[PDB]
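Chain and residue survey
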Amino acid sequence: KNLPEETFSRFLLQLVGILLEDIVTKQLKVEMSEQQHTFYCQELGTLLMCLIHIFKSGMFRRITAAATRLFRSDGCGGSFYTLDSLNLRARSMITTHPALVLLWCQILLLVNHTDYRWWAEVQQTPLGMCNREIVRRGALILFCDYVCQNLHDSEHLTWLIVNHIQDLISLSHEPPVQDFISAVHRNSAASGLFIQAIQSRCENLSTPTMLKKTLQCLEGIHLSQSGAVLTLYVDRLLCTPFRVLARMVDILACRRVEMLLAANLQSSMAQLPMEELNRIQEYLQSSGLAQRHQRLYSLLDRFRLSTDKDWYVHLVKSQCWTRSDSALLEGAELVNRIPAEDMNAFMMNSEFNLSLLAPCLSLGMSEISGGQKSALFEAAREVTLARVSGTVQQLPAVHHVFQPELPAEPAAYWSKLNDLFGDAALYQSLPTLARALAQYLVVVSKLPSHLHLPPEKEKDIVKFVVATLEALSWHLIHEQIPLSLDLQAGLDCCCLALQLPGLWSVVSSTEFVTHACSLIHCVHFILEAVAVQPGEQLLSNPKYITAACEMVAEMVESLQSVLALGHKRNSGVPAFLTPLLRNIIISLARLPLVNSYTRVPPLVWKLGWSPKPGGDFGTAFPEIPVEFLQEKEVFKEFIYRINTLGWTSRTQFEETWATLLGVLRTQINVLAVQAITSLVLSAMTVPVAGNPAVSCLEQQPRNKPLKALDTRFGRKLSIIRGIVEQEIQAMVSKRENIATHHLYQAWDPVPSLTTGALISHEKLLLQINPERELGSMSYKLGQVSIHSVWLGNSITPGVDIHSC
């Protein structure tokens, strides 16, 4: 019993199917002409204009409902052109005929078929092919105009804004995406999600044409979300050097303050917090930004006020025993001239600002780097490490590995973790205690032995890198991003404990199999919930150990594609983590829990190689035999795993030496003389020598140390140009050496020379040769100058590196 609805709708959807099995699968000069191909792809152009007139004009009522029960339906046992067969033909129509794959985008929306498998290939959700950007930007102007019509479905609003951010803004002169944004300004909860996306994509919104299109879309947003547009107008986008992009973000930030005070004073204070308001004004005084823009600074002072020995002690309490302020560089100097016999009585108290404890550590280092020992920096190492222990004392006894896929399925262990740890008051401390351990571990390479971390308190700083990175994965499931500056403060406590020789050794032992496999689940969870758009991947024994072992193989192949600074695939990571997350995937696959599997290239596990592991751990595979390396595609992927990964204790250095010499058909003679170059240079490195995480290749200045210094006027010369050169490298230089975001990371790996200590950056003031970009550390034909050949090897006319 065939309906007349049913007879006429199988005839127009299987005549789209005849025209598309030809244009793909027919030869272009054999069966058809070219004058006969001007008119064969032009009969598919006026038959898709007949199908979007029946579904839109509404006069054809019965024909619209018939297709929706068919594209959802399978074919009759294969007797029809079914809807998954018809759509394989069209994605190979992408490239030859890109004007007719924009007409097939507007039909699939119109039938209620918004299926996220096909809509990701056409938009590339995380030089170029010139004929796809008509379709990639053409299917995103057509996917917004379907969202704007029926905006009641919130499932389609939250997909297109979180994923496509750099594309949603850069189209804003278009009549279907101009209407998508105004409804977001109408909607209360849909406006707040648009503003979390730009803070991740500020690294690409700096070119002068991409920033003029944000301010026309951040022009008028909802009044309940004008407190998140005023922390974005001050922190990120106002420091642009464009003086009509610093002038047009003065029109938009003074206008948020004026509509708020004529509004209710009740709803606006819960919108812009009293602790969050003090953070903003500390950014403007240490910089010159308040004195540049006068109109912005007048409006924020009126907001707050509507809402002598022992005399000196009381005045400093007003900004420290409080909730939060923006006085941080100004707050840190006041604590200095407390009489220095009593810091802990006046710092370790009920509620001292822990954001006045982490910038307290930076200023007392500058005193030590030049001169006398610091009452700022000695007594604030005592305060930092006592608060770290009690939270781990608040943690339970026996630790189980974090699992974001099946969290409550193991046990009721996670009942304690939401009440003693999951409190929103205990969570606030974990990014204030997280800036604390970031600045303390850096200066360890240049502190005296009074100031190094204790050996008994060394266990409790290993256990606390594990516990603050699990509060980061717990908000992405539930609430939002943590703060995305608190994405950035928690993964700096983790990058430094893996660089020190003390803290890295404790993570390797048998007692910490649960704590080293939980930094692998939680750095793969922050890298996948940011880079991998929904419906993708990164690139294209108990269970948890091999679920931690398979996790590290996937992430290292991304450093080619995903986390390489400036790739086409790196538009999705917001580029303040590509310094941070590149240095941290290296130093976790140097663990003896993991390292044996990671050197095996991925073409091997498709082939038949799987011996048994045993090392009193999970995976202790032997090294790869020579017979697999005799193929080039199999041999190009083993050399990748050994250079960016480095090596370990000296027994593992001679294992890779014997595998390459048996290779020494001429396509594999070329690529293995280049693999012997890279093994010697990891014995040439001046710290740990085999770790590309911490270190880089030693270089020698061929310029001698100067004569113009060392006089009484000459010692004055060295202090003045110490301040000028040091904030250049924060702006000008390339940070090849440095992962973290901190300021005074001046580090040049020139050794002393029979090698000795390392020379600091301030002592080699003008030694570095002019052949090299500032701070960019690589081979550039001048690493060892012949000054340094003759005084290490006295000739003038742990590995045995002399052996190799």
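Residues numbered from 1 in each chain as written, not as in the entry; some residues may be left out. Part of a larger assembly, values for the part shown. Heavy atoms only, no water.

As stated in the entry header, the method of structure determination is cryo-EM and the reported resolution is 9.6 Å.

So, the overall build of the chain
From N to C terminus, the chain includes 48 helices and 0 strands. Compactness check: the chain gives a C-alpha radius of gyration of 31 Å against a globular reference of 28 Å for 804 residues, within 12% of the reference. If one aligns the C-alpha atoms of the chain with their principal axes, the spans along those axes are about 100 × 80 × 60 Å. Burial analysis of the chain (804 residues in total) assigns 46% to the buried set. About 43,400 Å² of surface is accessible on the chain, with carbon and sulfur atoms providing 56% of the total. In the chain, 67 positive and 73 negative side-chain charges are present, and the distance between their average locations comes to 5 Å. (Helix = DSSP H or I, 4+ residues; strand = E, 2+ residues; numbered from the N terminus. Rg over C-alpha atoms; globule rule 2.2 N^0.38 Å. Buried < 20%, exposed > 50% of the residue type's maximum accessible area, 1.4 Å probe, protein only. Areas by Shrake-Rupley, 256 points an atom, 1.4 Å probe, with all protein chains shown as cover. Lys, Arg positive; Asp, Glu negative; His and termini not counted. Charge placed at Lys NZ, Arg CZ, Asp CG, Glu CD.)

Details of the state of the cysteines
According to the stated counting rule, one finds 0 disulfides in the structure shown. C494 provides the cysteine sulfur closest to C495, a residue in no disulfide bond, and the two sulfurs are 7.5 Å apart. (Disulfide = S-S within 2.5 Å.)

Remarks on the packing of helix α36 (residues 520-531) against helix α37 (residues 543-556)
Direction vectors running N to C along α36 and α37 enclose 45°, while the axes themselves pass 9 Å from each other. In this view, α36 runs oblique relative to α37, as classed from their interaxial angle. Note on packing geometry: the crossing formed by α36 with α37 is left-handed. Each of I520, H521, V523 and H524 in α36 lies in contact with α37, whose residues at this interface are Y544, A547, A548, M551, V552, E554 and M555. Residues belonging to the contact of α36 with α37 are distributed by class as follows: 8 nonpolar, 2 polar and 1 charged. (Axes fitted to C-alpha atoms, helices over the stretch in contact; angles between N-to-C directions. Parallel < 35°, antiparallel > 145°, perpendicular 65-115°, else oblique. Left-handed = near helix turned anticlockwise from the far one by under 90°. Contact = heavy atoms within 4.5 Å. Nonpolar A, V, L, I, M, F, W, Y, C, P; charged D, E, K, R; others polar.)

Re helix α28 (residues 386-393)
Taken together, the buried positions of α28 are occupied by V388, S389, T391 and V392. When α28 is viewed along its axis, its buried side chains cluster within an angular range of 165° and face the same direction. Contacts made by the buried residues of α28 are with α27 (381-384), α30 (436-442) and α31 (459-462). (Arc of directions from axis to C-beta.)

Structural notes on the environment of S79
With respect to the helices and strands, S79 occurs in the loop between α4 (61-71) and α5 (88-91). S79 sits in the exposed class, given a relative accessible area of 56%. Remark: the alpha-carbon pair of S79 and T96, spanning 17 residues in sequence, is separated by 29 Å. From its side chain, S79 meets the backbone oxygen of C76 in a polar contact 3.1 Å long. (Polar contact = N/O pair within 3.5 Å; in protein donor to acceptor, adjacent residues only side chain to side chain.)

Observations concerning the nonpolar core
In this structure, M347, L437, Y440, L469, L503, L563 and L581 are the most contacted members of the largest nonpolar core, which totals 96 residues. Ignoring anything within four residues of it in the chain, the contact list for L469 reads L491, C494, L519, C522, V523 and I526. Of all hydrophobic cores here, the second largest spans 89 residues; its members include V111, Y146, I161 and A228. (Core = buried A, V, L, I, M, F, W, Y, C linked by side-chain atoms within 4.5 Å.)

Section: the environment of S226
Along the chain, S226 falls in the loop between α14 (212-215) and α15 (232-235). Residue classification places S226 among the buried residues on the basis of a relative accessible area of 4%. With 31 residues separating them in the primary sequence, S226 and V257 have C-alpha atoms 8.6 Å apart. Residues in contact with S226, not counting those within four places in the same chain, are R256, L260 and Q271.

Observations regarding the packing of aromatic side chains
Each pair of aromatic rings is reported with the distance of its centres and the angle of its planes. By the definition in use, this model includes 13 aromatic pairs. Summarising the aromatic geometry, the rings of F402 and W414 are spaced 5.6 Å apart at their centres and angled 80° between planes, so their arrangement reads as edge-to-face. Residue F402 is found in the loop between α28 and α29 (426-429), and its partner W414 is found in the loop between α28 and α29; the two are separated by 12 residues along the sequence. Of the two residues, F402 and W414, both sit in the buried class. Aromatic pair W605 and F621: ring centres 5.4 Å apart, planes at 45°, arrangement tilted. You can see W605 sitting in helix α41 (residues 602-606) and its partner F621 sitting in the loop between α41 and α42 (632-635), a full 16 residues away along the chain. A residue is classified by how much of its surface remains accessible, and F621, at 13% relative accessible area, is buried. Aromatic ring contacts, followed pair by pair, group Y116, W118, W119, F143 and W159 into a single cluster. (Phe/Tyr/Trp six-rings, centres within 6.5 Å; stacked < 30°, edge-to-face > 60°.)

Some words on unusual backbone geometry
Of note, the phi angle at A575 is positive, near 65°, even though the residue is not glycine. With respect to the helices and strands, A575 occurs in the loop between α38 (558-561) and α39 (583-586). In this structure, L781 is a non-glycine residue whose phi angle is positive, near 65°. Here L781 lies in the loop between α47 (717-724) and α48 (787-790).

Section: the pattern of salt bridges
Using the criterion set out here, one finds 9 salt bridges in the structure. Of the charged contacts in the structure, one is a salt bridge between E133 and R136, with a shortest N-O distance of 2.5 Å. With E133 and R136 both in helix α8 (residues 133-136) and 3 residues apart, this pair spans about one turn of that helix. Notably, a salt bridge pairs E557 with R641, separated by 2.6 Å at the nearest N-O pair. A residue pair is termed long-range when its members are at least 10 positions apart, and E557 in the loop between α37 and α38 and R641 in helix α43 (residues 640-643) qualify at 84 residues. Under the relative-accessibility criterion, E557 is labelled buried at 19%. Residue classification places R641 among the buried residues on the basis of a relative accessible area of 2%. Among the charged side chains, a salt-bridge network with shared partners connects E133, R136, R137 and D167. (Salt bridge = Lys/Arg side-chain N within 4 Å of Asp/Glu carboxyl O.)

A closer look at the side chain of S596
Tracing the sequence through the fold places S596 in helix α40 (residues 595-598). A relative accessible area of 16% places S596 in the buried class. Here the side chain of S596 touches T619 through a polar contact of 3.1 Å, landing on its backbone oxygen. Of note is the side chain of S596, whose polar atom sits 3.2 Å from the backbone nitrogen of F621. Contacts of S596, omitting those with residues within four sequence positions, involve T619, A620 and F621.

Digging into the environment of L581
Within the secondary structure, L581 sits in the loop between α38 and α39. On a C-alpha basis, the gap between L581 and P601 in space is 22 Å, while along the polypeptide they are 20 residues apart. Leaving out residues up to four positions away in the same chain, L581 has contacts with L491, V523, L527 and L563.

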